[PDB]
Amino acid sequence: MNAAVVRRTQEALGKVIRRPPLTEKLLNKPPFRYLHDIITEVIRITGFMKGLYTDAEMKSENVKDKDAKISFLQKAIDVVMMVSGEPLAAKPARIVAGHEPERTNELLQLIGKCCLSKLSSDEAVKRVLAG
């Protein structure tokens, strides 16, 4: 985790979303609810990952349990890998624990890239939810 990592996340998501703030302190140690804020803002704005989460799951106070947090992130990881065809090293359990923020930022960056390319996620969402 370093300045170029921060900057790349800012470049990738900065033109896509204008909240929550993409600052170094948050990106160095991202709280789950901050990640939830990013992911739902992406969905609201671009439709990337639309349908991946229920109405209830789109509200962060409904996703405070550890398992729920981990599952929320796993779904986003799966969809982004399936859509991009790129591997992510991010492990949800570690992220929820506050570890490997550089891997978390790589997830955020690939989300940004999919948004800027206007890549559809509908087929990916269907497969991921099928399990």
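Numbers for residues come from their place in the sequence shown, where the first is 1.
Averaged over their C-alpha atoms, the temperature factors of 103-111 and 8-16 are higher for 8-16.
Set 88-96 against 67-75 and average the Cα temperature factors; 88-96 ends up higher.
Comparing C-alpha B-factors across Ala56, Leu27, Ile43, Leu35 in the deposited entry, the largest value falls on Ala56. For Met1, the recorded CA temperature factor ranks within the highest third of the chain's modelled residues. Among all modelled residues in its chain, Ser120 ranks in the middle third by Cα B-factor.
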